[PDB]
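Below is one structure, written out as structure tokens; the observations come after it.
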Amino acid sequence: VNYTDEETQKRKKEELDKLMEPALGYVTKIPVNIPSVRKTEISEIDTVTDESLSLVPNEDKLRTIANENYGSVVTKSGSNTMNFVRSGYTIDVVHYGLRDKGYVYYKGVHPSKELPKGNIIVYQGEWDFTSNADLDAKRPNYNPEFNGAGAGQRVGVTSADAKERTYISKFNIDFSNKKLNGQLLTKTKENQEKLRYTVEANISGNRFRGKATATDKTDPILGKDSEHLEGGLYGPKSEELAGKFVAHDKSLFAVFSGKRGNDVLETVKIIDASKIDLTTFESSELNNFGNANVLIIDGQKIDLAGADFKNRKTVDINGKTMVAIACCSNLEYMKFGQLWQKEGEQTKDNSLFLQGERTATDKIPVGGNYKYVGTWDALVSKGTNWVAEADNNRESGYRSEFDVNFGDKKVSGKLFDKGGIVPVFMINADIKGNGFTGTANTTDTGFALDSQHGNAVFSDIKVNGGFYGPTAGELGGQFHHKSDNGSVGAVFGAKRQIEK
């Protein structure tokens with residue numbers, strides 16, 4: 001007697017919804033019937049959190065079982081075609097019995113921060129799948145598409161088990177409308193194509209959510225619809241994509257990849273996510289999927305939302321205990337602050353970070369003058385340390401104030417020390433697209449590190465920033481510099497104002 005958990009129809013839906021959460025990648029186990037049961041659904045769908053394309057998800061765990069049973073592992077990843085994504089399988093091809101057969105996966109690297117500006121862009125690639133296992137269903141003993149007999153009855157069938165067929169994918173991405181359509185086809189040895197799924201999805205950030213409609217509902221294996229297709233663009237300028245879908249009855253798990261051609265396209269920033277190392281004052285990029293209220297550290301999520309003005313978040317990731325101070329509550333489409341690993345009594349690898357969801361270029365105001373008001377975080381190093389930390393005091397806190405002239409395409413900013421009446425930094429930038437670029441300067445004489453005490457002087461430090469939100473109602477930016485006569489790293493964000 002096989003006793004299992006009674007999963008409500010509600011519970012089943014919620015289960016699939018969790019699979020829609022963006023990630024660098026996903027991997028699944030190929031179902032294998034235990035001798036007791038007759039049906040094994042696709043169940044253990046795990047996220048991929050490692051950031052190296054050479055690492056094949058769970059191949060290590062499979063090679064372990066394979067060697068003991070003297071099996072033979074074969075891996076298909078598309079590594080000879082793709083530069084930023086990997087997809088396919090790792091399979092024990094001489095599999096028999098009840099041991100593990102393998103895994104189906106996709107993973108990607110450098111979640112895209114720039115998309116092509118518009119038009120319809122073709123992406124071509126491949127796809128793969130594993131089915132579930134079901135004795136009490138459909139599947140004929142002879143299946144002209146798959147090698148051998150009984151395919152899909154006691155063990156899940158995969159694209160690896162296909163007879164002289166290739167599995168090709170084609171996508172049209174409408175970047176103007178952030179829509180995506182696609183076809184998943186099979187091609188036989190006689191160059192004859194057969195459509196198996198059509199794909200439709202909506203782009204948000206660098207991710208897409210949608211559905212896969214089965215072409216042939218009489219198909220014993222590839223015949224069920226999916227209301228749960230998710231994937232993402234990868235590569236610095238969306239050179240490639242990858243994703244998955246799960247059939248609504250969990251009878252199929254499919255992965256797909258895609259790569260656009262060599263035609264050079266004009267791109268636009270959709271996402272800002274970078275960090276400044278408060279030791280080297282170098283800037284490095286962070287993974288991000290289009291949500292600025294989520295920080296991705298080692299492929300795992302940290303929620304930055306909170307009830308206070310700024311919030312301290314502590315999450316344990318890969319043994320490393322991380323702490324992030326995220327500001328601010330009044331900013332809906334951006335976050336900035338401090339990031340470090342808690343030694344427990346120190347801080348390891350201190351850094352500042354900036355994240356934001358860029359405004360659409362055609363939604364940047366063509367004219368007008370507005371005031372932006374927020375805070376900032378910084379660190380200055382010249383013998384001793386000078387710090388600025390985010391606060392809620394608009395009067396005499398670590399204020400950040402901006403006048404934006406959209407007509408003259410100009411941004412002018414001032415960063416104040418606490419209690420100060422004169423800014424310590426003055427920002428002068430030019431608005432280009434949905435961002436701005438310029439310089440940060442101290443006064444001729446600078447500002448005291450604190451009450452013979454050395455003080456900081458900085459000339460023409462490069463400033464990078466962007467406008468965030470539907471109508472650019474928020475802005476933020478960063479700058480950093482390393483030298484022997486003083487170093488600095490700063491991040492700031494501000495909210496557009498109205499007059500009462």
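The figures that follow rest on heavy atoms only: side chains count, while hydrogens, waters and symmetry mates do not. Residue indices begin at 1 and follow the sequence shown.
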Evaluate the salt bridge (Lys or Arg N to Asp or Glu O under 4.0 Å) criterion for residues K138 and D134: first the C-alpha distance (whole Å), next the side-chain angles of each, then the deciding distance (0.1 Å), finally the verdict.
-> CA-CA 8 Å; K138 328 173 117 63; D134 204 343; over 6 Å; no
pair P140-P220: side-chain heavy atoms closer than 4.5 Å | yes
So, the side chain of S400 versus the backbone of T375: is there a donor-acceptor pair under 3.5 Å, distance only?
-> yes
Output for pair (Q355 CD, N293 CG), nearest 0.5 Å, gives 8.5 Å
Would you call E230-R209 a salt bridge at under 4.0 Å N-O?
-> no
Take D219 and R196 through the salt bridge (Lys or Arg N to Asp or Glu O under 4.0 Å) test and state the conclusion after the steps.
-> CA-CA 9 Å; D219 201 288; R196 318 306 294 277; 3.0 Å; yes
Are the side chain of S77 and the backbone N or O of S87 linked by a donor-acceptor pair below 3.5 Å?
-> no
For the side chain of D128 and the backbone of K76, is there at least one donor-acceptor N/O pair under 3.5 Å apart?
-> no
Ionic contact status for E200 with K179, cut-off 4.0 Å = no
To the nearest 0.5 Å, how far apart are OG1 in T28 and CG in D46?
-> 7.5 Å
How long is the span from the CG atom in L16 to the NZ atom in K18, to the nearest 0.5 Å?
-> 13.0 Å
Under 4.0 Å between a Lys/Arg side-chain N and an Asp/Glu carboxylate O for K187 and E193?
-> yes
Can the ring centroids of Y26 and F253 be said to lie less than 6.0 angstrom from one another?
-> no
Can any side-chain N or O of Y468 pair as donor or acceptor with the backbone N or O of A292 at less than 3.5 Å?
-> no
d(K224 NZ, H248 NE2) to nearest 0.5 Å is 6.5 Å
Ion pair check, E41 and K250, cut-off under 4.0 Å | no
Do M82 and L53 have side-chain heavy atoms sitting under 4.5 Å apart?
-> no
Kindly compute the distance separating CZ (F146) from CD1 (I221), expressed to the nearest 0.5 Å.
-> 4.5 Å
List in chain and number order the residues that pass side-chain hydrogen bond (donor to acceptor under 3.5 Å, both in side chains) with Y123, two or more places apart in sequence or in another chain; answer none if no residue qualifies.
-> none
Side chains of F208 and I173 in contact at under 4.5 Å (non-hydrogen atoms) = no
Please report the C-alpha distance between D100 and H95 in whole Å, then the side-chain angles of each, then the deciding distance to 0.1 Å, and finally whether the side-chain hydrogen bond (donor to acceptor under 3.5 Å, both in side chains) criterion is met.
-> CA-CA 8 Å; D100 280 14; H95 177 266; over 6 Å; no
How far apart are the C-alpha atoms of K211 and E227, what are their side-chain angles, what is the distance that settles it, and do they pass the salt bridge (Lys or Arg N to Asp or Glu O under 4.0 Å) test?
-> CA-CA 5 Å; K211 71 186 176 174; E227 306 300 313; 5.5 Å; no
Just wondering, do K113 and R358 contact through their side chains at under 4.5 Å, heavy atoms?
-> no
Ignoring hydrogens and geometry, is there a side-chain-to-backbone donor-acceptor pair from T215 to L195 under 3.5 Å?
-> yes
Would you check if the side chain of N288 reaches a backbone N or O of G290 as a donor-acceptor pair within less than 3.5 Å?
-> yes
Take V323 and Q341 through the test side-chain contact (heavy atoms from CB on, under 4.5 Å) and record every step on the way to the result.
-> CA-CA 6 Å; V323 177; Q341 174 177 344; over 6 Å; no
Would you please indicate if the ring centroids of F245 and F129 are separated by under 6.0 Å?
-> no
Run the salt-bridge test on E474 and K495 with the 4.0 Å N-O cut-off and return the result as yes or no.
-> yes
Under a 4.5 Å cut-off applied to non-hydrogen side-chain atoms, are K363 and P470 in contact?
-> no
Mind checking side-chain hydrogen bond (donor to acceptor under 3.5 Å, both in side chains) for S284 and listing every partner two or more places apart, or none if nothing turns up?
-> none
Classify the side-chain pair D174/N177 by whether it contains a donor and acceptor separated by less than 3.5 Å.
-> yes
Output yes when a side-chain donor or acceptor of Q124 lies under 3.5 Å from a complementary backbone atom of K170, and no otherwise.
-> no
With no hydrogens and no angle check, is any side-chain donor or acceptor of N434 less than 3.5 Å from a backbone partner on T359?
-> yes
Is there a donor-acceptor pair under 3.5 Å between the side chain of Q153 and the backbone N or O of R139?
-> yes
Heavy-atom distance under 4.5 Å between the side chains of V315 and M322, does that happen here?
-> no
After noting the C-alpha distance and the side-chain angles of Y370 and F402, does the key distance pass the ring-ring contact (aromatic ring centres under 6.0 Å, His included) rule?
-> CA-CA 8 Å; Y370 303 91; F402 301 87; over 10 Å; no
Show your reasoning for whether side-chain contact (heavy atoms from CB on, under 4.5 Å) applies to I276 and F353.
-> CA-CA 6 Å; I276 302 182; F353 70 96; over 6 Å; no
Can you name the ring pair (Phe, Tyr, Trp, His ring centres under 6.0 Å) partners of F256, sequence neighbours left out?
-> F171
Taking it one step at a time, do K217 and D225 satisfy salt bridge (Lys or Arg N to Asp or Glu O under 4.0 Å)?
-> CA-CA 8 Å; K217 265 76 182 178; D225 285 344; 2.8 Å; yes
Could you tell me whether the side chain of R207 and the main chain of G231 form a donor-acceptor pair under 3.5 Å?
-> yes
Are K194 and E145 close enough for a salt bridge, meaning some N to O gap below 4.0 Å?
-> no
Candidate pair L24 and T49, rule side-chain contact (heavy atoms from CB on, under 4.5 Å), full reasoning = CA-CA 6 Å; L24 296 181; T49 60; 5.9 Å; no
So, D403 and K371, do they make that salt bridge, N to O below 4.0 Å?
-> yes
Sorted by chain and number, sequence neighbours left out, salt bridge (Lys or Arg N to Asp or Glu O under 4.0 Å) with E190 holds for none
Please step through side-chain contact (heavy atoms from CB on, under 4.5 Å) for the pair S274 and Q478, ending with a clear verdict.
-> CA-CA 9 Å; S274 47; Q478 73 183 48; 2.7 Å; yes
Measure the spacing between CD of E239 and CD1 of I121 and express it to the nearest 0.5 Å.
-> 12.0 Å
Partner set under side-chain hydrogen bond (donor to acceptor under 3.5 Å, both in side chains) for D161, not counting sequence neighbours | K101, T158
With the side chain counted from C-beta on, respond yes when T186 and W127 share a heavy-atom pair under 4.5 Å apart, and no when they do not.
-> yes
By side-chain hydrogen bond (donor to acceptor under 3.5 Å, both in side chains) - contacts of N143 (at least two apart) | none
Just wondering, do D298 and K320 contact through their side chains at under 4.5 Å, heavy atoms?
-> yes
So, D92 and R63, do they make that salt bridge, N to O below 4.0 Å?
-> no
